[PDB]
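**Q** My questions all concern the structure below.
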Amino acid sequence: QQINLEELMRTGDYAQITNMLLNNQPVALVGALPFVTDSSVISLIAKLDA
Amino acid sequence: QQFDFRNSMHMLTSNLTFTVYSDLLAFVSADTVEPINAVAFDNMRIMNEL
């Protein structure tokens with residue numbers, strides 16, 4: 001699924017996201033975003049990204 | 001009146017351990033969108049002459 005971030009921080013977030021995050025459900029996000037590069041594989045196995 | 005123990009001895013029904021709260025509300029966390037983004041029953045946008 002999806003959820004425009006632009007409209008999010010505008011609308012004020014209706015815990016829609018808050019709920020999905022809490023409950024763990026496959027989802028996507030959209031808009032401008034800060035990436036962050038890592039290396040030491042480790043990080044991955046440890047699944048830091050979650 | 002004479003005194004008769006028996007009849008003056010009553011048992012006591014009392015709840016146990018409260019905690020009384022006043023003011024209330026306070027527990028409410030609330031913010032606000034940025035003024036430039038308002039809306040009435042309208043839903044189009046209050047104050048919209050850019």
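Every chain in the structure tokens takes a letter, A first, then B, and so on in the order presented; its residues are numbered from 1, and the ligands are numbered from 1 following the presented order.
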Could you please select, counting only C-alpha atoms, the residues of chain B within 12 Å of chain A and state them as a VMD selection string?
**A** chain B and resid 30 to 39 43
**Q** Just list as a JSON list (two decimals) with C-alpha atoms, in the first residue's frame whatever in range 10-45 of chain A DSSP marks as alpha helix (DSSP H).
**A**
[["chain", "number", "residue", "atom", "x", "y", "z"],
["A", 10, "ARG", "CA", 0.14, 18.22, 6.47],
["A", 11, "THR", "CA", -2.97, 16.33, 7.60],
["A", 16, "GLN", "CA", -3.27, 5.34, 10.59],
["A", 17, "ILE", "CA", 0.45, 4.97, 10.27],
["A", 18, "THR", "CA", 0.79, 4.78, 14.05],
["A", 19, "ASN", "CA", -1.45, 1.70, 14.03],
["A", 20, "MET", "CA", 0.13, -0.08, 11.10],
["A", 21, "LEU", "CA", 3.53, 0.42, 12.57],
["A", 22, "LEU", "CA", 2.37, -0.87, 15.95],
["A", 23, "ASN", "CA", 0.64, -3.91, 14.38],
["A", 42, "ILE", "CA", 26.86, -7.47, 10.20],
["A", 43, "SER", "CA", 24.48, -4.56, 10.39],
["A", 44, "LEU", "CA", 22.23, -6.43, 7.98],
["A", 45, "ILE", "CA", 22.14, -9.83, 9.65]]
**Q** Rounded to one decimal place, report the CA of residue 15 in chain A-CA of residue 3 in chain A distance in Å.
**A** 12.1 Å
**Q** One decimal, Å: what's the distance from CA of residue 2 in chain A over to CA of residue 24 in chain A, could you say?
**A** 14.4 Å
